[PDB]
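Below is one structure, written out as structure tokens, with a few remarks after it.
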Amino acid sequence: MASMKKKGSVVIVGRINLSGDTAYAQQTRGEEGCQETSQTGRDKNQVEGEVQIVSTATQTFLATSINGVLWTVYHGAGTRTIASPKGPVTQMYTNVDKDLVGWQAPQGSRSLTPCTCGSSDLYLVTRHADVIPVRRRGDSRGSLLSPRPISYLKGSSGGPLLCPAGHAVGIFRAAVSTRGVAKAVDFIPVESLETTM
Ligand SMILES: COc1ccc2nc(C)c(O[C@@H]3C[C@H]4C(=O)N[C@]5(C(=O)NS(=O)(=O)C6(C)CC6)C[C@H]5/C=C\CCCCC[C@H](NC(=O)O[C@@H](C)C(F)(F)F)C(=O)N4C3)nc2c1
Ligand SMILES: [Zn+2]
């Protein structure tokens with residue numbers, strides 16, 4: 001009872017820069033500072049952009065701001081708080097049935113706009129800043145135009161699927177593979193987020 005530990009916070013450790021002509025990952029915090037920030041929950045680093053790279057003590061994945069909420073996957077974050085300049089911030093959305101969590105978007109982040117284009121020509125943004133064309137195949141599924149080993153998608157849950165106009169269509173949740181090759185992706189549609197809200 002007196003020995004019981006507390007899980008650390010999710011920590012923003014970088015971002016995917018989409019502001020220019022070139023997408024690229026930036027690290028903003030190294031592993032040591034990440035471990036310390038997870039324990040204190042106090043992160044005074046300035047936040048920028050739409051897609052954050054986040055980490056716990058044991059996992060790293062992505063988180064995406066849409067309409068003022070930083071969204072990610074329950075299988076990454078669980079029920080964890082996120083570190084912030086004035087301490088841990090409790091989730092404002094949690095839905096294990098959708099593999100979905102959300103916190104208020106950090107000060108300084110930019111939010112994607114929810115897509116209303118009805119387009120099926122999508123783009124998945126990974127933690128390595130690859131921008132992967134995906135054809136929408138259903139409410140929560142899309143096929144990769146160029147399949148590739150699942151290794152290339154590992155760590156990108158919580159990242160966005162975008163429409164041609166750069167709106168948010170969904171949050172990457174799981175990969176569908178055959179013999180280790182990702183042929184399709186499973187994602188949380190933005191309408192499911194907009195309803196949760
Ligand atoms: C605990 O409470 C819950 C509640 C609801 C959940 N709901 C789902 C869905 C789920 O799924 C799991 C996790 C997810 C996954 O792995 N996510 C990616 C990823 O990067 N995570 S991550 O960042 O590395 C990580 C782990 C650090 C956070 C995008 C993948 C990239 C590569 C894939 C690696 C191989 C695993 C394939 C598996 N495929 C799958 O399940 O396909 C479904 C749709 C099927 F089977 F029906 F086809 C799958 O993708 N996952 C299996 N866990 C749930 C758990
Ligand atoms: Zn759109």
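With ideal geometry, Cβ positions are generated from the backbone for all residues, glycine too; neighbour counts draw on all protein chains shown. Any read-out appearing in this document is the output of simple, stated calculations on the displayed coordinates, not a laboratory observation.
Can you find, among 56, 111, 12, the residue sitting farthest towards the positive end of the charge dipole of the chain, where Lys and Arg contribute +1 and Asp and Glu -1 at Cβ?
56
Please state the charge dipole magnitude for the stretch 1-70, taken about the Cα centre, from unit charges on C-beta atoms (+1 on K and R, -1 on D and E), reported in debye and rounded to the nearest 20. Walk me through the numbers before you get to the answer.
Values: 7 positive and 7 negative charges, 82 e Å.
Charge dipole of the stretch 1-70: 400 debye, to the nearest 20.
Based only on Cα atoms, what Rg/Rh ratio does the stretch 94-134 have, Rh being taken as Kirkwood's radius?
Values: Rg = 13.5 Å, Rh = 13.3 Å.
Ratio value, two decimals: 1.02.
Expressed as cubic angstrom per residue, what is the convex hull volume of the alpha carbon set of the stretch 121-196? Mind dumping the intermediate values first?
Details: hull volume 5.8 nm³, N = 76.
Hull volume normalised by residue count: 76 Å³.
With +1 on each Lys and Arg Cβ and -1 on each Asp and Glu Cβ, and nothing else charged, work out how big the dipole of the stretch 1-128 is about its Cα centre, in Debye to the nearest 20. Don't skip to the end; give the middle numbers.
On the way: 12 positive and 10 negative charges, 104 e Å.
Computed charge dipole of the stretch 1-128: roughly 500 debye.
Which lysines have a Cα lying under 30 Å from the Cα of residue 86, excluding residues fewer than 8 positions away in the same chain?
Once the sequence-local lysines are set aside, what remains near residue 86 is 5, 6, 7, 44, 98.
May I ask for the Kirkwood hydrodynamic radius of the chain, worked out over all distinct Cα pairs and given in angstroms to one decimal? Write out the running numbers ahead of the final one.
Numbers: mean 1/r = 0.0599 Å⁻¹.
Its Kirkwood hydrodynamic radius stands at 16.7 Å.
Packing-wise, with mean Cβ within 10 Å as the measure, how do 69-77, 175-183 rank, highest first?
Numbers: 69-77: 23.2, 175-183: 13.8.
With the highest mean Cβ count within 10 Å placed first, the list reads 69-77, 175-183.
To the nearest µm²/s, what D does Stokes-Einstein give for the stretch 11-104 at 25 °C and 0.890 mPa s, using the Kirkwood radius over alpha carbon pairs as Rh? Walk me through the intermediate numbers first.
Numbers: Rh = 13.4 Å.
Approximately 183 µm²/s, per Stokes-Einstein.
With angles folded into 0 to 90 degrees, how steeply does helix 31-40 sit against the dominant principal axis of the chain? Use alpha carbons for both and round to 10.
60 degrees
Net charge around residue 144, counting only other residues with Cβ within less than 10 Å of its Cβ (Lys, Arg = +1; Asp, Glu = -1)? Could the numbers behind the result be given before it?
On the way: positive: 135, 148, 183; negative: none.
Net local charge, residue 144 excluded: +3.
Return the calculated 222 nm mean residue ellipticity for the chain, to the nearest 500 deg cm²/dmol, obtained by summing -39500 (n - 2.57) across DSSP H runs with n ≥ 4 and dividing by the residue count.
Numbers: 3 runs with 21 residues, N = 197.
Helix contribution divided over all residues of the chain: -2500 deg cm²/dmol.
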